[PDB]
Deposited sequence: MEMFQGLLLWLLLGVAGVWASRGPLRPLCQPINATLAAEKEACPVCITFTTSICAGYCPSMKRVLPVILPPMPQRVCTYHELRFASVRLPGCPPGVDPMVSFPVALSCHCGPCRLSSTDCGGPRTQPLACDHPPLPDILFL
């Protein structure tokens, strides 16, 4: 459709903020993630669409880490993990997490 840059997919050092309903203080953190624009590349002759099955950029290589939402009541699970992406590409509509200074989250 429009111009592709719009960065394009790549591991990118961003920030998110982990917190769970009824845990006291939430926690922010930094982890490289893979986000970028993958084109649903139409080719020379159309009509073969759909062009590309929601090819969102998903993790080629992934390591997890997690922290520990401090103060959680003695009945809830404080261990909160997240991706630590190493490289990435674009394949089918893949679910993973969200499916197809610093900060604050309270």
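Unmodelled regions (deposited sequence positions with no C-alpha coordinates, counted from 1) are 1 to 20, 121 to 125, 132 to 141.
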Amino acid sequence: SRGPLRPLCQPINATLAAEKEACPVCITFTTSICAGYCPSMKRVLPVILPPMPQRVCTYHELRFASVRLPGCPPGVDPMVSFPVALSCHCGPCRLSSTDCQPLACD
From here on, numbers count along this sequence of modelled residues.
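In this entry, the higher average B-factor at the C-alpha atoms falls on 48 to 56, of the pair 48 to 56 and 65 to 73. As the entry records it, the average C-alpha temperature factor is higher for 91 to 99, out of 15 to 23 and 91 to 99. Among all modelled residues in this chain, the alpha-carbon of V80 has a temperature factor (C-alpha) in the lowest third.
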